[PDB]
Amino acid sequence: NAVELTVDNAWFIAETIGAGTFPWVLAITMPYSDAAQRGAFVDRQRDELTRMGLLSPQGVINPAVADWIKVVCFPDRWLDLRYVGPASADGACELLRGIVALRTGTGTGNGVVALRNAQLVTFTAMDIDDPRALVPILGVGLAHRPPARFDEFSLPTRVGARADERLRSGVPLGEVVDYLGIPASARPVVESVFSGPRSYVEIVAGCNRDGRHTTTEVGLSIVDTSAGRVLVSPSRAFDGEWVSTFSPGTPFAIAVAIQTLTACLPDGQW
């Protein structure tokens, strides 16, 4: 029900199903530039898939595998998973990205999960409409942790975004925190969320109604701090201003947040 491939393997399969690109989040971009390179690339890929038994002698890719990749490249509903982490002590960051794709039209498989780490990507076919299987998937990128404990607090989303920008541009952390205007109780958590190591997963949802693709204007973050996991979920207030809520990152809380996040879409997810 799962397969692990190199990004190059995956790209070749994507060409096979006529996909212009992979979803942006994955960062699986065309690996070659010219006719000469393509030929070499194709030769290499055909031999490799073949050695793996992915490519049959008749020249066809395992339809199940090809289909999964078709779902990832042409999703009706999806969740992007952008993992962010403290760079390794080698001066570099490796890529850890994911997408949760579900397809419709006829209602083995319900949806496909693609997770890309460095030069490899794995595709897993599963029922993604269950939070007891879906929520765990999100965490693999994250360091294993328990939900942090604190009283929930909120702040306008615009304010939060601006603070992050200021912080990233050199405004010192204390000053930025003062800018937030949150309660003293809240301060320890926000500092954990904003500063230091800075390690999390950012999630955005999307859907493809008719031929129009729409994505959420906002996304949630599952952050992990020294204190524990912190969930930053957005909601719109009565006056319509966006508000961000920092709550303990329990599985239930994360699951409800995802459901609410999807709710905004015209016809997306469940």
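The numbering used is simple: start at 1 and walk along the sequence shown.
Engineer: If the chain runs straight from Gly107 to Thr108, say none; otherwise bin the unmodelled deposited residues as 1 to 3, 4 to 9, or 10 or more.
Structural biologist: Per the record, 4 to 9 deposited residues are absent between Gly107 and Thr108.
Engineer: Averaging the C-alpha B factors as listed in the entry, name the stretch that ends up higher: 188 to 196 or 68 to 76.
Structural biologist: The stretch with the larger mean CA B-factor is 188 to 196.
Engineer: Taking the recorded C-alpha temperature factors, which stretch has the higher mean, 82 to 90 or 112 to 120?
Structural biologist: Result: 82 to 90.
Engineer: Highest CA temperature factor in the entry: which of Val135, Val171, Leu96, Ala161?
Structural biologist: Comparing C-alpha B-factors across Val135, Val171, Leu96, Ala161, the maximum falls on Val135.
Engineer: Identify, among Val176, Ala148, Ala101, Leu155, the residue whose C-alpha carries the highest B-factor in the deposited PDB entry.
Structural biologist: Among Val176, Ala148, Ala101, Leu155, the highest C-alpha B-factor in the entry belongs to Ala148.
Engineer: Mind checking which third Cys207 falls in for C-alpha B-factor across the chain?
Structural biologist: Ranked within chain, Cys207 CA B lands in the lowest tercile.
Engineer: When the deposited Cα B-factors of this chain's modelled residues are ordered and cut into thirds, is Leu167 in the lowest, the middle or the highest one?
Structural biologist: Tercile = lowest for this residue's CA B-factor.
Engineer: In terms of the chain's CA B-factor thirds, is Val42 lowest, middle or highest?
Structural biologist: It falls in the bottom third of the chain.
Engineer: Taking only the Cα B-factors deposited for this chain, tell me whether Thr225 sits in the lowest, middle or highest third.
Structural biologist: Highest third.
Engineer: Of the three thirds of its chain by CA temperature factor, lowest, middle or highest, which one includes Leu265?
Structural biologist: Answer is highest: the recorded C-alpha B-factor places it there.
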